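Residue numbering for the sequence shown follows the entry's author numbering, beginning at 1 and increasing consecutively. Where is the CB? At the ideal position from N, CA and C, for every residue including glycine.
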Amino acid sequence: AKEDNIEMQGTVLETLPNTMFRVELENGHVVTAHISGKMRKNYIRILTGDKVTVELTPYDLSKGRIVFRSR
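Below, the structure is given as structure tokens:
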């Protein structure tokens with residue numbers, strides 16, 4: 001409605017500790033992201049350079065998360 005979270009994704013540049021994504025965004029900046037928890041165990045597998053989603057907030061632009069497969 002007003003301050004909602006946007007899907008606004010990237011290129012995986014690192015696959016981080018367990019299965020996370022140090023992603024270069026569509027805006028040109030590096031963000032830390034995880035996938036959305038749910039699909040991890042129907043394991044929809046990805047590596048260092050895959051087409052990730054990365055949803056983020058209005059306020060905190062340094063982070064993100066693979067919501068639904070959009071790129």
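Name the residue from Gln9, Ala33, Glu3 whose alpha carbon lies nearest to the alpha carbon of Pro17.
Here residue 17 refers to the residue found at position 17 when the sequence shown is read from its first residue. Taking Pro17 as reference, the option from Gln9, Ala33, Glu3 with the minimal CA-CA separation is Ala33.
DSSP three-state call for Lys41: helix, strand or coil?
The residue given as residue 41 occupies position 41 in the sequence shown. Helix at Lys41.
Helix, strand or coil, according to DSSP, for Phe21 in the structure here?
For the purposes of this step, residue 21 is taken as the residue at position 21 of the sequence shown. In this structure, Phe21 counts as strand in the three-state DSSP scheme.
Buried or exposed for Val12, going by 16 or more other Cβ atoms inside 10 Å?
Walking along the sequence shown from the start, residue 12 turns up at place 12. Label assigned to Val12: buried.
Limits of the beta strand (DSSP E) - the one that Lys63 falls within:
For this step, residue 63 is matched to residue 63 along the sequence shown. It spans 63-66 - the beta strand (DSSP E) in which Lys63 sits, taken as one unbroken run.
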